[PDB]
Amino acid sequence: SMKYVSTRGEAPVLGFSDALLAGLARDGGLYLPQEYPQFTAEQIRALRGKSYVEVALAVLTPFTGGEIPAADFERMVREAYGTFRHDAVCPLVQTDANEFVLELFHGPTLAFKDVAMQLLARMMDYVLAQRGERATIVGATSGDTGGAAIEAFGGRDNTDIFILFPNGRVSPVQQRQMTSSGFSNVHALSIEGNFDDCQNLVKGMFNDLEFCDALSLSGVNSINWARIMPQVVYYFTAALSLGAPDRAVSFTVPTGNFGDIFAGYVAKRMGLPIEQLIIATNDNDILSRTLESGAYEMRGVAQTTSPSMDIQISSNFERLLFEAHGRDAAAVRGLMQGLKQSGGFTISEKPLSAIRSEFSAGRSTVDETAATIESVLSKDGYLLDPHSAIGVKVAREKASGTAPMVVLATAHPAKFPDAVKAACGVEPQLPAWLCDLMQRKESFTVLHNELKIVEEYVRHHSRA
């Protein structure tokens, strides 16, 4: 059935369930399918008319290698996307004659990480149950990821989740989503320290091998194969709305750690006809500079109005590097060794050409992003958040061809009201079902920034 191999070539070859629990490989690499499941044009035509859930079952099942029985998989996919307050799950809104926005923000935290998290948490619950295990999920957030994680893992049977965030330094909306979920297996830890301090405590816990063992610790991050896998689906559903497979479709993705756009690459590898895949970056433009020059070189991180894309390095870019080098693990090891030692590497000509043959990249500054929010509101009556506006700006600059362009809208404007207001004067409004959010009771524990204090809290409260 399906096996999973590391980008660094010397880790155990794993089945789906293990790849899901392993996370990062033994050799320091990232897991990828040994081969991609394939869909012919007729097999894609056969998806026409199907619900989001039905397309998800078709597209994702081959990746699970027969390890999750069909009835169980078509409960957990149904339940995952039942949390999205939109019948289409991820609907298109047309913004110009050949341009559409794919709204990934109808889920429980109004942001695109819900798509993968809501299924990942259920798949993990199932795998753990099947092995008679439990897990203690631990992560640090500046606000947004923690919410998505807590809304996904809240109320799962086999996990307890602990998210550390900086006391007094999270936006009101973001904090309330972490702390008012009402679930008994959720623990929001407000650390008397900054985001970097929260990350250091998490790294501390993961380095404490006895602690990890005793608590069955597992991480929240962008590099597990199951944060990426579910995202393949909406490339299919969007492209089917626009006539797949009989015409190719292009996508622009506001991109930070590359997992989103890598899922689009995966869709293409599976047979979805895709013309352009366009990386859209903020002022932290390592990926844009990489496509221009081949020089993936770390520079200082700028704070922008699209903070979820404020990256120094792109955590899943390594997955594309592996594919671009024809799965030459030694080449990938070399480049990553270079990054670690010297802060950059240069991609050689053949793999760089392979990347450029399928991807392009552009950037949007804070002012350009604001200008895009204001013009799209003015011309269409349509309100973008800043991350999504980056996508629209870059899509319009970089699009080439006759294919329809789908721009991924990765957050609701109400998630970043300051930047939206600054750009266009509108104070965005929360969806009606969330209109009470600011009145929900918060419930969180303030802890000092000390590894032993946090470990004791986790030890006391985890059921693991």
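Note that residue numbering begins at 1 and tracks the sequence as displayed.
When 228 to 236 is weighed against 180 to 188, 180 to 188 comes out higher, by mean CA B-factor as recorded in the entry. Comparing the deposited coordinates for 425 to 433 and 35 to 43, the stretch with the larger average C-alpha B-factor is 425 to 433. Out of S250, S388, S360, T304, the entry records its largest CA B-factor for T304. Sorting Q118, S222, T290, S314 by the CA temperature factor given in the entry leaves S222 at the top. Among the modelled residues of its chain, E74 has a C-alpha B-factor that falls in the highest third, as given in the PDB entry. Ranked by Cα temperature factor within the chain, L209 sits in the highest third according to the deposited record. Ranked by C-alpha B-factor against the other modelled residues of its chain, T64 falls in the middle third. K3 sits in the middle third of its chain by CA B factor, as recorded in the PDB entry. Looking at the C-alpha B-factors along this chain, the one for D27 belongs to the middle third.
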